[PDB]
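Visitor: Take a look at start.txt, compact mmCIF, N, CA and C atoms:
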# COMPACT_ATOMS: atom_id res chain seq x y z
N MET A 1 6.19 -25.09 -91.08
CA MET A 1 5.29 -25.57 -90.02
C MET A 1 4.81 -24.39 -89.20
N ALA A 2 3.76 -24.60 -88.43
CA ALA A 2 3.22 -23.56 -87.56
C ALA A 2 3.70 -23.79 -86.13
N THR A 3 4.86 -24.39 -86.02
CA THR A 3 5.48 -24.68 -84.76
C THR A 3 5.96 -23.37 -84.15
N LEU A 4 5.47 -23.07 -82.94
CA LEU A 4 5.83 -21.87 -82.17
C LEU A 4 7.33 -21.60 -82.25
N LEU A 5 7.67 -20.35 -82.40
CA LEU A 5 9.02 -19.95 -82.63
C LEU A 5 9.73 -19.67 -81.35
N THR A 6 11.00 -19.81 -81.40
CA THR A 6 11.84 -19.58 -80.29
C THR A 6 12.62 -18.28 -80.48
N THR A 7 13.46 -17.98 -79.53
CA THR A 7 14.36 -16.86 -79.56
C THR A 7 15.22 -16.90 -80.84
N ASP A 8 15.78 -18.08 -81.12
CA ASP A 8 16.65 -18.26 -82.28
C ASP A 8 15.91 -18.07 -83.60
N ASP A 9 14.62 -18.44 -83.65
CA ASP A 9 13.83 -18.26 -84.89
C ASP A 9 13.70 -16.79 -85.19
N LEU A 10 13.45 -16.04 -84.14
CA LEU A 10 13.33 -14.61 -84.22
C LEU A 10 14.68 -14.01 -84.62
N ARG A 11 15.74 -14.50 -83.97
CA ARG A 11 17.12 -14.13 -84.26
C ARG A 11 17.43 -14.25 -85.75
N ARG A 12 17.12 -15.43 -86.31
CA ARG A 12 17.36 -15.74 -87.73
C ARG A 12 16.75 -14.66 -88.62
N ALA A 13 15.50 -14.32 -88.33
CA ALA A 13 14.78 -13.32 -89.09
C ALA A 13 15.40 -11.94 -88.90
N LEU A 14 15.81 -11.64 -87.68
CA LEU A 14 16.44 -10.37 -87.35
C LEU A 14 17.83 -10.20 -87.99
N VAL A 15 18.43 -11.29 -88.40
CA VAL A 15 19.68 -11.23 -89.14
C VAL A 15 19.34 -10.91 -90.60
N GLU A 16 18.45 -11.70 -91.15
CA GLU A 16 17.99 -11.57 -92.53
C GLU A 16 17.40 -10.19 -92.85
N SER A 17 16.67 -9.63 -91.91
CA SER A 17 16.02 -8.35 -92.13
C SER A 17 17.00 -7.18 -91.95
N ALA A 18 18.09 -7.44 -91.24
CA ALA A 18 19.08 -6.42 -90.97
C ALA A 18 19.90 -6.14 -92.21
N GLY A 19 20.37 -7.19 -92.84
CA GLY A 19 21.11 -7.02 -94.05
C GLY A 19 21.99 -8.18 -94.37
N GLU A 20 23.27 -7.98 -94.24
CA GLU A 20 24.26 -8.98 -94.54
C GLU A 20 25.55 -8.62 -93.82
N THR A 21 26.23 -9.63 -93.27
CA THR A 21 27.50 -9.47 -92.55
C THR A 21 27.28 -8.49 -91.38
N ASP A 22 26.33 -8.84 -90.55
CA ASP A 22 25.88 -7.98 -89.49
C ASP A 22 26.77 -8.10 -88.30
N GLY A 23 27.64 -7.13 -88.17
CA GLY A 23 28.54 -7.08 -87.06
C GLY A 23 27.84 -6.53 -85.86
N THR A 24 27.17 -7.39 -85.19
CA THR A 24 26.44 -7.08 -84.01
C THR A 24 26.39 -8.34 -83.12
N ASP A 25 25.66 -8.28 -82.06
CA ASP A 25 25.48 -9.39 -81.16
C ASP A 25 24.02 -9.50 -80.83
N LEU A 26 23.37 -10.41 -81.48
CA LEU A 26 21.95 -10.53 -81.36
C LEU A 26 21.57 -12.00 -81.23
N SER A 27 21.66 -12.50 -80.03
CA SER A 27 21.31 -13.86 -79.70
C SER A 27 21.14 -13.93 -78.18
N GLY A 28 21.05 -15.13 -77.63
CA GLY A 28 20.90 -15.28 -76.20
C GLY A 28 19.51 -14.92 -75.77
N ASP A 29 19.37 -13.76 -75.21
CA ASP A 29 18.08 -13.23 -74.85
C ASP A 29 18.06 -11.75 -75.14
N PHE A 30 17.87 -11.46 -76.38
CA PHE A 30 17.80 -10.09 -76.87
C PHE A 30 16.38 -9.52 -76.77
N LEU A 31 15.48 -10.30 -76.20
CA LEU A 31 14.08 -9.99 -76.09
C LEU A 31 13.76 -8.63 -75.45
N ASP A 32 14.65 -8.13 -74.59
CA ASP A 32 14.41 -6.84 -73.93
C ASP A 32 15.15 -5.69 -74.58
N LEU A 33 15.87 -5.97 -75.64
CA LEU A 33 16.59 -4.92 -76.34
C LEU A 33 15.65 -4.23 -77.30
N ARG A 34 15.53 -2.93 -77.21
CA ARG A 34 14.62 -2.21 -78.05
C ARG A 34 15.14 -2.18 -79.48
N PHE A 35 14.22 -2.33 -80.43
CA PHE A 35 14.55 -2.32 -81.85
C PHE A 35 15.42 -1.13 -82.24
N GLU A 36 15.08 0.04 -81.72
CA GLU A 36 15.83 1.28 -81.98
C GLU A 36 17.32 1.15 -81.64
N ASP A 37 17.63 0.31 -80.67
CA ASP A 37 18.99 0.18 -80.19
C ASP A 37 19.75 -0.79 -81.08
N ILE A 38 19.04 -1.78 -81.58
CA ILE A 38 19.65 -2.84 -82.38
C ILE A 38 19.58 -2.55 -83.89
N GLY A 39 19.46 -1.29 -84.23
CA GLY A 39 19.49 -0.87 -85.62
C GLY A 39 18.20 -1.14 -86.36
N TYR A 40 17.12 -1.31 -85.64
CA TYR A 40 15.84 -1.54 -86.25
C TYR A 40 14.96 -0.34 -86.15
N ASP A 41 14.81 0.32 -87.26
CA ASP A 41 13.97 1.49 -87.38
C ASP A 41 12.51 1.08 -87.23
N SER A 42 12.01 0.31 -88.21
CA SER A 42 10.66 -0.31 -88.19
C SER A 42 10.32 -0.96 -89.52
N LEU A 43 10.88 -0.45 -90.59
CA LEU A 43 10.67 -1.05 -91.89
C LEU A 43 11.31 -2.43 -91.96
N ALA A 44 12.55 -2.51 -91.50
CA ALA A 44 13.26 -3.79 -91.40
C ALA A 44 12.57 -4.69 -90.37
N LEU A 45 11.94 -4.06 -89.40
CA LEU A 45 11.19 -4.74 -88.36
C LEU A 45 9.97 -5.44 -89.02
N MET A 46 9.32 -4.73 -89.94
CA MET A 46 8.20 -5.28 -90.70
C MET A 46 8.68 -6.38 -91.61
N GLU A 47 9.87 -6.19 -92.15
CA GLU A 47 10.55 -7.16 -93.00
C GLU A 47 10.68 -8.50 -92.25
N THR A 48 11.03 -8.42 -90.97
CA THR A 48 11.14 -9.58 -90.10
C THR A 48 9.79 -10.30 -90.05
N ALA A 49 8.77 -9.56 -89.64
CA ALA A 49 7.42 -10.08 -89.51
C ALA A 49 6.93 -10.68 -90.83
N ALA A 50 7.12 -9.94 -91.93
CA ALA A 50 6.69 -10.36 -93.26
C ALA A 50 7.33 -11.67 -93.69
N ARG A 51 8.60 -11.84 -93.39
CA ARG A 51 9.30 -13.07 -93.72
C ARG A 51 8.76 -14.24 -92.91
N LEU A 52 8.47 -13.99 -91.65
CA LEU A 52 7.91 -15.00 -90.79
C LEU A 52 6.48 -15.34 -91.22
N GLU A 53 5.76 -14.34 -91.75
CA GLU A 53 4.40 -14.51 -92.27
C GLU A 53 4.34 -15.59 -93.33
N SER A 54 5.06 -15.38 -94.41
CA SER A 54 5.05 -16.30 -95.53
C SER A 54 5.61 -17.68 -95.15
N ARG A 55 6.69 -17.67 -94.39
CA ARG A 55 7.36 -18.89 -93.97
C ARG A 55 6.52 -19.76 -93.01
N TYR A 56 5.98 -19.16 -91.96
CA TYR A 56 5.30 -19.94 -90.93
C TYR A 56 3.77 -19.90 -91.05
N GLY A 57 3.26 -19.09 -91.95
CA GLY A 57 1.82 -19.04 -92.17
C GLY A 57 1.11 -18.07 -91.24
N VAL A 58 1.80 -17.02 -90.83
CA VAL A 58 1.23 -16.02 -89.93
C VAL A 58 0.91 -14.76 -90.70
N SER A 59 0.33 -13.78 -90.04
CA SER A 59 0.16 -12.50 -90.63
C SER A 59 0.31 -11.46 -89.55
N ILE A 60 1.03 -10.40 -89.84
CA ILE A 60 1.30 -9.36 -88.86
C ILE A 60 0.91 -8.00 -89.42
N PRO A 61 -0.04 -7.32 -88.77
CA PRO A 61 -0.50 -5.99 -89.18
C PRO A 61 0.61 -4.93 -89.10
N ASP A 62 0.57 -4.05 -90.07
CA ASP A 62 1.55 -2.98 -90.31
C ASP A 62 1.80 -2.10 -89.08
N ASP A 63 0.73 -1.60 -88.51
CA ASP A 63 0.81 -0.62 -87.42
C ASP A 63 1.26 -1.27 -86.13
N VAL A 64 1.10 -2.57 -86.06
CA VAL A 64 1.51 -3.36 -84.90
C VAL A 64 3.02 -3.54 -84.94
N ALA A 65 3.51 -3.91 -86.11
CA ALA A 65 4.94 -4.07 -86.32
C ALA A 65 5.66 -2.76 -86.01
N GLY A 66 5.08 -1.66 -86.43
CA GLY A 66 5.67 -0.36 -86.15
C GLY A 66 5.15 0.21 -84.85
N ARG A 67 5.00 -0.64 -83.85
CA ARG A 67 4.47 -0.26 -82.53
C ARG A 67 5.25 -0.96 -81.43
N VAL A 68 5.66 -2.19 -81.70
CA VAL A 68 6.34 -3.02 -80.72
C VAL A 68 7.75 -2.52 -80.48
N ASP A 69 8.14 -2.52 -79.23
CA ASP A 69 9.40 -1.93 -78.80
C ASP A 69 10.49 -2.95 -78.77
N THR A 70 10.16 -4.09 -78.25
CA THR A 70 11.09 -5.15 -78.04
C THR A 70 10.74 -6.38 -78.87
N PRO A 71 11.76 -7.19 -79.26
CA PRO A 71 11.58 -8.39 -80.07
C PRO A 71 10.66 -9.40 -79.41
N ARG A 72 10.61 -9.36 -78.07
CA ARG A 72 9.74 -10.21 -77.27
C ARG A 72 8.30 -10.14 -77.81
N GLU A 73 7.85 -8.91 -77.97
CA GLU A 73 6.51 -8.59 -78.41
C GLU A 73 6.27 -9.07 -79.83
N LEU A 74 7.27 -8.90 -80.68
CA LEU A 74 7.16 -9.28 -82.08
C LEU A 74 7.08 -10.81 -82.17
N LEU A 75 7.91 -11.49 -81.39
CA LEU A 75 7.90 -12.95 -81.29
C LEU A 75 6.52 -13.44 -80.83
N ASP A 76 5.95 -12.73 -79.87
CA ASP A 76 4.65 -13.08 -79.30
C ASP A 76 3.54 -12.87 -80.32
N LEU A 77 3.70 -11.86 -81.18
CA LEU A 77 2.76 -11.60 -82.27
C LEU A 77 2.73 -12.79 -83.21
N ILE A 78 3.92 -13.29 -83.53
CA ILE A 78 4.08 -14.44 -84.40
C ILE A 78 3.48 -15.67 -83.73
N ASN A 79 3.94 -15.96 -82.52
CA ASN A 79 3.48 -17.13 -81.76
C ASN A 79 1.99 -17.12 -81.50
N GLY A 80 1.44 -15.95 -81.27
CA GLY A 80 0.00 -15.82 -81.10
C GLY A 80 -0.73 -16.24 -82.36
N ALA A 81 -0.18 -15.83 -83.50
CA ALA A 81 -0.74 -16.17 -84.80
C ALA A 81 -0.53 -17.64 -85.09
N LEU A 82 0.62 -18.17 -84.69
CA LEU A 82 0.93 -19.59 -84.86
C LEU A 82 -0.02 -20.45 -84.07
N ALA A 83 -0.37 -20.02 -82.87
CA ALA A 83 -1.34 -20.73 -82.05
C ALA A 83 -2.71 -20.76 -82.73
N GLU A 84 -3.01 -19.71 -83.48
CA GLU A 84 -4.27 -19.62 -84.23
C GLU A 84 -4.16 -20.41 -85.54
N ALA A 85 -2.94 -20.63 -85.98
CA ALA A 85 -2.68 -21.32 -87.23
C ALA A 85 -2.41 -22.79 -86.98
N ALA A 86 -2.57 -23.21 -85.75
CA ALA A 86 -2.37 -24.58 -85.37
C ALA A 86 -3.66 -25.32 -85.55
Can the structure in the file be given as structure tokens, please?

Guide:
Amino acid sequence: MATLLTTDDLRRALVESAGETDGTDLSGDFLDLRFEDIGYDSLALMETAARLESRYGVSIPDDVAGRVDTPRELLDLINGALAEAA
């Protein structure tokens, strides 16, 4: 569905894009945590966006994904696209 995503939707993707058995703490309100701090270089960050693209019907440009600092922004990229996909 093109139903606007929440913190947890983003979380789910951020687990999947990270790897497997991710010993970290990424939930609640991680929106202000910079990708660099949470083990996100940018390729895995694109991985997040790309997965959300196919799943929710959005599309996220490459240079944008490798530009956003915080998950807040990435979530908003998705939600902005979802609003257009509604």

Visitor: Measure the distance from atom C of residue 2 of chain A to atom CA of residue 21 of chain A in Å and round it to one decimal.

Guide: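 Taking atom C of residue 2 of chain A as the start and atom CA of residue 21 of chain A as the end point, the length is 28.5 Å.
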
Visitor: Taking only C-alpha atoms into account, which of A:11, A:78, A:18, A:73 comes nearest residue 50 of chain A?

Guide: A:78

Visitor: Figure out the distance between atom CA of residue 25 of chain A and atom C of residue 66 of chain A, please, to one decimal in Å.

Guide: 22.8 Å

Visitor: Identify which of the residues A:52, A:15, A:10, A:68 lies closest to residue 35 of chain A, counting only C-alpha atoms when measuring atom-to-atom distances.

Guide: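 That would be A:68, the residue with the smallest distance to residue 35 of chain A.
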
Visitor: One decimal, Å: what's the distance from atom CA of residue 5 of chain A over to atom CA of residue 47 of chain A, could you say?

Guide: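 Taking atom CA of residue 5 of chain A as the start and atom CA of residue 47 of chain A as the end point, the length is 16.5 Å.
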
Visitor: Go through A:58, A:14, A:4, A:86 and flag the residue nearest residue 38 of chain A, using only C-alpha atoms for the distances.

Guide: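 Closest candidate: A:14.
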
Visitor: Restricting the calculation to only C-alpha atoms: of A:43, A:75, A:82, A:31, which residue gets closest to residue 63 of chain A?

Guide: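 Closest to residue 63 of chain A of all the choices is A:43.
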
Visitor: For each of A:17, A:59, A:24, A:54, take the minimum atom-to-atom distance to residue 42 of chain A, counting only C-alpha atoms, then give the residue where this is smallest.

Guide: A:17

Visitor: Which residue out of A:81, A:61, A:70, A:55 has the minimum interatomic distance to residue 1 of chain A when only C-alpha atoms are used?

Guide: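 Going through A:81, A:61, A:70, A:55 one by one, the smallest distance to residue 1 of chain A is for A:55.
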
Visitor: Once DSSP has gone over the backbone, tell me which residues of chain A are in helix (DSSP H, G or I), as a PyMOL selection string.

Guide: chain A and resi 7-16+43-56+62-65+71-84

Visitor: The selected residues should be written to file as a CSV table (one decimal), in the coordinates of the input (atoms: N, CA and C atoms).

Guide:
chain,number,residue,atom,x,y,z
A,7,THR,N,13.5,-18.0,-79.5
A,7,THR,CA,14.4,-16.9,-79.6
A,7,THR,C,15.2,-16.9,-80.8
A,8,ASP,N,15.8,-18.1,-81.1
A,8,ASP,CA,16.6,-18.3,-82.3
A,8,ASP,C,15.9,-18.1,-83.6
A,9,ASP,N,14.6,-18.4,-83.6
A,9,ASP,CA,13.8,-18.3,-84.9
A,9,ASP,C,13.7,-16.8,-85.2
A,10,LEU,N,13.4,-16.0,-84.1
A,10,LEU,CA,13.3,-14.6,-84.2
A,10,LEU,C,14.7,-14.0,-84.6
A,11,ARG,N,15.7,-14.5,-84.0
A,11,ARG,CA,17.1,-14.1,-84.3
A,11,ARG,C,17.4,-14.2,-85.8
A,12,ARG,N,17.1,-15.4,-86.3
A,12,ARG,CA,17.4,-15.7,-87.7
A,12,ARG,C,16.8,-14.7,-88.6
A,13,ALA,N,15.5,-14.3,-88.3
A,13,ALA,CA,14.8,-13.3,-89.1
A,13,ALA,C,15.4,-11.9,-88.9
A,14,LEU,N,15.8,-11.6,-87.7
A,14,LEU,CA,16.4,-10.4,-87.4
A,14,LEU,C,17.8,-10.2,-88.0
A,15,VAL,N,18.4,-11.3,-88.4
A,15,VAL,CA,19.7,-11.2,-89.1
A,15,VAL,C,19.3,-10.9,-90.6
A,16,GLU,N,18.4,-11.7,-91.2
A,16,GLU,CA,18.0,-11.6,-92.5
A,16,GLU,C,17.4,-10.2,-92.8
A,43,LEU,N,10.9,-0.4,-90.6
A,43,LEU,CA,10.7,-1.0,-91.9
A,43,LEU,C,11.3,-2.4,-92.0
A,44,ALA,N,12.6,-2.5,-91.5
A,44,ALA,CA,13.3,-3.8,-91.4
A,44,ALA,C,12.6,-4.7,-90.4
A,45,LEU,N,11.9,-4.1,-89.4
A,45,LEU,CA,11.2,-4.7,-88.4
A,45,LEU,C,10.0,-5.4,-89.0
A,46,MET,N,9.3,-4.7,-89.9
A,46,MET,CA,8.2,-5.3,-90.7
A,46,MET,C,8.7,-6.4,-91.6
A,47,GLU,N,9.9,-6.2,-92.2
A,47,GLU,CA,10.6,-7.2,-93.0
A,47,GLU,C,10.7,-8.5,-92.2
A,48,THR,N,11.0,-8.4,-91.0
A,48,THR,CA,11.1,-9.6,-90.1
A,48,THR,C,9.8,-10.3,-90.0
A,49,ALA,N,8.8,-9.6,-89.6
A,49,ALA,CA,7.4,-10.1,-89.5
A,49,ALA,C,6.9,-10.7,-90.8
A,50,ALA,N,7.1,-9.9,-91.9
A,50,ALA,CA,6.7,-10.4,-93.3
A,50,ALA,C,7.3,-11.7,-93.7
A,51,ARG,N,8.6,-11.8,-93.4
A,51,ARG,CA,9.3,-13.1,-93.7
A,51,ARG,C,8.8,-14.2,-92.9
A,52,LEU,N,8.5,-14.0,-91.6
A,52,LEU,CA,7.9,-15.0,-90.8
A,52,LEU,C,6.5,-15.3,-91.2
A,53,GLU,N,5.8,-14.3,-91.8
A,53,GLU,CA,4.4,-14.5,-92.3
A,53,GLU,C,4.3,-15.6,-93.3
A,54,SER,N,5.1,-15.4,-94.4
A,54,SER,CA,5.0,-16.3,-95.5
A,54,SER,C,5.6,-17.7,-95.2
A,55,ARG,N,6.7,-17.7,-94.4
A,55,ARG,CA,7.4,-18.9,-94.0
A,55,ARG,C,6.5,-19.8,-93.0
A,56,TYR,N,6.0,-19.2,-92.0
A,56,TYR,CA,5.3,-19.9,-90.9
A,56,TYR,C,3.8,-19.9,-91.0
A,62,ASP,N,0.6,-4.0,-90.1
A,62,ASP,CA,1.6,-3.0,-90.3
A,62,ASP,C,1.8,-2.1,-89.1
A,63,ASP,N,0.7,-1.6,-88.5
A,63,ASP,CA,0.8,-0.6,-87.4
A,63,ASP,C,1.3,-1.3,-86.1
A,64,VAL,N,1.1,-2.6,-86.1
A,64,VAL,CA,1.5,-3.4,-84.9
A,64,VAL,C,3.0,-3.5,-84.9
A,65,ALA,N,3.5,-3.9,-86.1
A,65,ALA,CA,4.9,-4.1,-86.3
A,65,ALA,C,5.7,-2.8,-86.0
A,71,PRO,N,11.8,-7.2,-79.3
A,71,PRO,CA,11.6,-8.4,-80.1
A,71,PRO,C,10.7,-9.4,-79.4
A,72,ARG,N,10.6,-9.4,-78.1
A,72,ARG,CA,9.7,-10.2,-77.3
A,72,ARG,C,8.3,-10.1,-77.8
A,73,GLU,N,7.8,-8.9,-78.0
A,73,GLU,CA,6.5,-8.6,-78.4
A,73,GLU,C,6.3,-9.1,-79.8
A,74,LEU,N,7.3,-8.9,-80.7
A,74,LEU,CA,7.2,-9.3,-82.1
A,74,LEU,C,7.1,-10.8,-82.2
A,75,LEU,N,7.9,-11.5,-81.4
A,75,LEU,CA,7.9,-13.0,-81.3
A,75,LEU,C,6.5,-13.4,-80.8
A,76,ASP,N,6.0,-12.7,-79.9
A,76,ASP,CA,4.6,-13.1,-79.3
A,76,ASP,C,3.5,-12.9,-80.3
A,77,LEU,N,3.7,-11.9,-81.2
A,77,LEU,CA,2.8,-11.6,-82.3
A,77,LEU,C,2.7,-12.8,-83.2
A,78,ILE,N,3.9,-13.3,-83.5
A,78,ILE,CA,4.1,-14.4,-84.4
A,78,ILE,C,3.5,-15.7,-83.7
A,79,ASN,N,3.9,-16.0,-82.5
A,79,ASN,CA,3.5,-17.1,-81.8
A,79,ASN,C,2.0,-17.1,-81.5
A,80,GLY,N,1.4,-16.0,-81.3
A,80,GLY,CA,0.0,-15.8,-81.1
A,80,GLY,C,-0.7,-16.2,-82.4
A,81,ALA,N,-0.2,-15.8,-83.5
A,81,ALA,CA,-0.7,-16.2,-84.8
A,81,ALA,C,-0.5,-17.6,-85.1
A,82,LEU,N,0.6,-18.2,-84.7
A,82,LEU,CA,0.9,-19.6,-84.9
A,82,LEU,C,0.0,-20.4,-84.1
A,83,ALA,N,-0.4,-20.0,-82.9
A,83,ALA,CA,-1.3,-20.7,-82.0
A,83,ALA,C,-2.7,-20.8,-82.7
A,84,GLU,N,-3.0,-19.7,-83.5
A,84,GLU,CA,-4.3,-19.6,-84.2
A,84,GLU,C,-4.2,-20.4,-85.5

Visitor: Would you compute the box with edges along x, y and z of the file around segment 49-60 of chain A, including every atom the file lists for it and 8 Å extra on each side, and give its centre and edge lengths in Å to one decimal, as AutoDock Vina command-line options?

Guide:
--center_x 4.7 --center_y -14.0 --center_z -92.2 --size_x 25.1 --size_y 27.9 --size_z 22.7

Visitor: Because some atoms of segment 26-42 of chain A are absent here, can you restore N, CA, C and O atoms and send them as a PDB file, in the frame of the given file?

Guide:
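And here's rebuild34.pdb as it stands now:
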ATOM      1  N   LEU A  26      23.370 -10.410 -81.480  1.00  0.00           N
ATOM      2  CA  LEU A  26      21.950 -10.530 -81.360  1.00  0.00           C
ATOM      3  C   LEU A  26      21.570 -12.000 -81.230  1.00  0.00           C
ATOM      4  O   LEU A  26      21.289 -12.679 -82.224  1.00  0.00           O
ATOM      5  N   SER A  27      21.660 -12.500 -80.030  1.00  0.00           N
ATOM      6  CA  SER A  27      21.310 -13.860 -79.700  1.00  0.00           C
ATOM      7  C   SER A  27      21.140 -13.930 -78.180  1.00  0.00           C
ATOM      8  O   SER A  27      21.069 -12.878 -77.531  1.00  0.00           O
ATOM      9  N   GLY A  28      21.050 -15.130 -77.630  1.00  0.00           N
ATOM     10  CA  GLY A  28      20.900 -15.280 -76.200  1.00  0.00           C
ATOM     11  C   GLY A  28      19.510 -14.920 -75.770  1.00  0.00           C
ATOM     12  O   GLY A  28      18.567 -15.694 -75.973  1.00  0.00           O
ATOM     13  N   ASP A  29      19.370 -13.760 -75.210  1.00  0.00           N
ATOM     14  CA  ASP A  29      18.080 -13.230 -74.850  1.00  0.00           C
ATOM     15  C   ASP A  29      18.060 -11.750 -75.140  1.00  0.00           C
ATOM     16  O   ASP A  29      18.316 -10.921 -74.282  1.00  0.00           O
ATOM     17  N   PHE A  30      17.870 -11.460 -76.380  1.00  0.00           N
ATOM     18  CA  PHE A  30      17.800 -10.090 -76.870  1.00  0.00           C
ATOM     19  C   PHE A  30      16.380  -9.520 -76.770  1.00  0.00           C
ATOM     20  O   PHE A  30      16.125  -8.410 -77.211  1.00  0.00           O
ATOM     21  N   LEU A  31      15.480 -10.300 -76.200  1.00  0.00           N
ATOM     22  CA  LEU A  31      14.080  -9.990 -76.090  1.00  0.00           C
ATOM     23  C   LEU A  31      13.760  -8.630 -75.450  1.00  0.00           C
ATOM     24  O   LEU A  31      12.718  -8.055 -75.740  1.00  0.00           O
ATOM     25  N   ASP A  32      14.650  -8.130 -74.590  1.00  0.00           N
ATOM     26  CA  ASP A  32      14.410  -6.840 -73.930  1.00  0.00           C
ATOM     27  C   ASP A  32      15.150  -5.690 -74.580  1.00  0.00           C
ATOM     28  O   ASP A  32      15.064  -4.555 -74.120  1.00  0.00           O
ATOM     29  N   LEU A  33      15.870  -5.970 -75.640  1.00  0.00           N
ATOM     30  CA  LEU A  33      16.590  -4.920 -76.340  1.00  0.00           C
ATOM     31  C   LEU A  33      15.650  -4.230 -77.300  1.00  0.00           C
ATOM     32  O   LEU A  33      15.032  -4.892 -78.121  1.00  0.00           O
ATOM     33  N   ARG A  34      15.530  -2.930 -77.210  1.00  0.00           N
ATOM     34  CA  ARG A  34      14.620  -2.210 -78.050  1.00  0.00           C
ATOM     35  C   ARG A  34      15.140  -2.180 -79.480  1.00  0.00           C
ATOM     36  O   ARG A  34      16.347  -2.028 -79.701  1.00  0.00           O
ATOM     37  N   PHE A  35      14.220  -2.330 -80.430  1.00  0.00           N
ATOM     38  CA  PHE A  35      14.550  -2.320 -81.850  1.00  0.00           C
ATOM     39  C   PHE A  35      15.420  -1.130 -82.240  1.00  0.00           C
ATOM     40  O   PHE A  35      16.405  -1.296 -82.971  1.00  0.00           O
ATOM     41  N   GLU A  36      15.080   0.040 -81.720  1.00  0.00           N
ATOM     42  CA  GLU A  36      15.830   1.280 -81.980  1.00  0.00           C
ATOM     43  C   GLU A  36      17.320   1.150 -81.640  1.00  0.00           C
ATOM     44  O   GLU A  36      18.163   1.776 -82.262  1.00  0.00           O
ATOM     45  N   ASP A  37      17.630   0.310 -80.670  1.00  0.00           N
ATOM     46  CA  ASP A  37      18.990   0.180 -80.190  1.00  0.00           C
ATOM     47  C   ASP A  37      19.750  -0.790 -81.080  1.00  0.00           C
ATOM     48  O   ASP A  37      20.917  -0.589 -81.376  1.00  0.00           O
ATOM     49  N   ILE A  38      19.040  -1.780 -81.580  1.00  0.00           N
ATOM     50  CA  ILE A  38      19.650  -2.840 -82.380  1.00  0.00           C
ATOM     51  C   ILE A  38      19.580  -2.550 -83.890  1.00  0.00           C
ATOM     52  O   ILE A  38      19.686  -3.462 -84.713  1.00  0.00           O
ATOM     53  N   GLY A  39      19.460  -1.290 -84.230  1.00  0.00           N
ATOM     54  CA  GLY A  39      19.490  -0.870 -85.620  1.00  0.00           C
ATOM     55  C   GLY A  39      18.200  -1.140 -86.360  1.00  0.00           C
ATOM     56  O   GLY A  39      18.190  -1.211 -87.590  1.00  0.00           O
ATOM     57  N   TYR A  40      17.120  -1.310 -85.640  1.00  0.00           N
ATOM     58  CA  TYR A  40      15.840  -1.540 -86.250  1.00  0.00           C
ATOM     59  C   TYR A  40      14.960  -0.340 -86.150  1.00  0.00           C
ATOM     60  O   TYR A  40      14.463   0.001 -85.077  1.00  0.00           O
ATOM     61  N   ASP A  41      14.810   0.320 -87.260  1.00  0.00           N
ATOM     62  CA  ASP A  41      13.970   1.490 -87.380  1.00  0.00           C
ATOM     63  C   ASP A  41      12.510   1.080 -87.230  1.00  0.00           C
ATOM     64  O   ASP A  41      11.899   1.387 -86.208  1.00  0.00           O
ATOM     65  N   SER A  42      12.010   0.310 -88.210  1.00  0.00           N
ATOM     66  CA  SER A  42      10.660  -0.310 -88.190  1.00  0.00           C
ATOM     67  C   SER A  42      10.320  -0.960 -89.520  1.00  0.00           C
ATOM     68  O   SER A  42       9.584  -1.937 -89.564  1.00  0.00           O
TER      69      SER A  42
END
